[PDB]
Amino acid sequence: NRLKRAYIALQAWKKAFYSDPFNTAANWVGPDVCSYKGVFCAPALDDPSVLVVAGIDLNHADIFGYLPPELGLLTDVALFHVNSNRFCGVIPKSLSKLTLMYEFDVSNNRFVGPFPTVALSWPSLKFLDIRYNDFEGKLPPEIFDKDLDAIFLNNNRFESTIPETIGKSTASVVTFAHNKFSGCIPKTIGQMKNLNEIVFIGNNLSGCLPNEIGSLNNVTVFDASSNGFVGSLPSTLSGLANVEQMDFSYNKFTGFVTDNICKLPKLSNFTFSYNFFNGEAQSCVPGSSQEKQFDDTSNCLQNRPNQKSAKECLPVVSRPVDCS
């Protein structure tokens, strides 16, 4: 009996609810699972006369518990939204039995430990949000082999490199912000199809920007700020025909910012502050345009306010890194 399997799953989960501030699971009683708050039923995909539990949505219920193995009984679930709860521990391996999983959002919880690799077992997975937890360690390179549309990893404790496989991803949005990723951006980044938004804010990346970034002609948001990149901006960035938001602040870039970049047609906010640029085109100057916002604070530019001192600048400016 199929809904009985859902009943057992949900009652095993409610037993694990230590604190439910909005009494969200109050009506989780009796065998009518479809009337449980946060449980969403639907016709079976292969038979519209059968009733199945197809979705779970407890977004913002602030529930402190964990996810028990018995949730593996919810074999018809394709939607799982538990943003902003206090679910703790790990994702049960039994969730590999949720073969219809399509959108999995455990953002802003108390999950911990290695990347939840059970997500790799879902053949229909499209949306994976694990941001704002305490996942850590290496990132499984095979994650970019799935046909995900959206990968949110930001604000965890992931470490080591961005996988060379990133160029395989079909994602329209990928976030890495606020982890402890290190090393270079892989040259394969140019091969990402469908990519619109990529966010690296606040990691420990370094090396030079790969010129292959210029192949991302559908990108609207490219934010590499608060890392440790060096070298010059690649001239290939003139290929970012769609970029709207571009942020390189808080790095160690050197050299010239040209109108190759500052006159990109959709570029409306270009932040390159806290670097060591020693020249900029006139069309890169903040306050110069009514359509385009620029920010050049704390660089090495003559005749601009709030620049770095000449004492601090000459050592770095006179020893540019050979991107090789």
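So that there is no doubt, residue numbering starts at 1 and follows the sequence shown.
**Student:** Taking the recorded C-alpha temperature factors, which stretch has the higher mean, 93 to 101 or 235 to 243?
**Tutor:** The entry gives the higher C-alpha B-factor average to 235 to 243.
**Student:** Averaging C-alpha B-factors over each stretch, which comes out higher, 72 to 80 or 215 to 223?
**Tutor:** That would be 215 to 223.
**Student:** Quick one: which of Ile151, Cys184, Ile198, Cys88 shows the highest Cα temperature factor in the PDB entry?
**Tutor:** Among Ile151, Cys184, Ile198, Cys88, the highest C-alpha B-factor in the entry belongs to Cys184.
**Student:** Maximum C-alpha temperature factor per the entry, among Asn59, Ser49, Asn27, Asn299, belongs to which one?
**Tutor:** Top of the list by C-alpha B-factor: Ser49.
**Student:** Can you work out whether the C-alpha temperature factor of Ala54 puts it in the lowest, middle or highest third of the chain?
**Tutor:** According to the entry, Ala54 has a C-alpha B-factor in the chain's lowest third.
**Student:** Would the CA B-factor of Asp134 place it in the lowest, middle or highest third of its chain?
**Tutor:** Lowest third.
**Student:** How does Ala16 rank on Cα B-factor within its chain, lowest, middle or highest third?
**Tutor:** Its C-alpha B-factor belongs to the middle third of this chain's values.
**Student:** Based on the deposited C-alpha B factors for this chain, I'd like to know if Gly228 is in the lowest, middle or highest third.
**Tutor:** Its C-alpha B-factor belongs to the lowest third of this chain's values.
**Student:** Quick one: classify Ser289 as lowest, middle or highest third of the chain based on its Cα B-factor.
**Tutor:** Within its chain, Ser289 is a highest-third residue by C-alpha B-factor, going by the deposited values.
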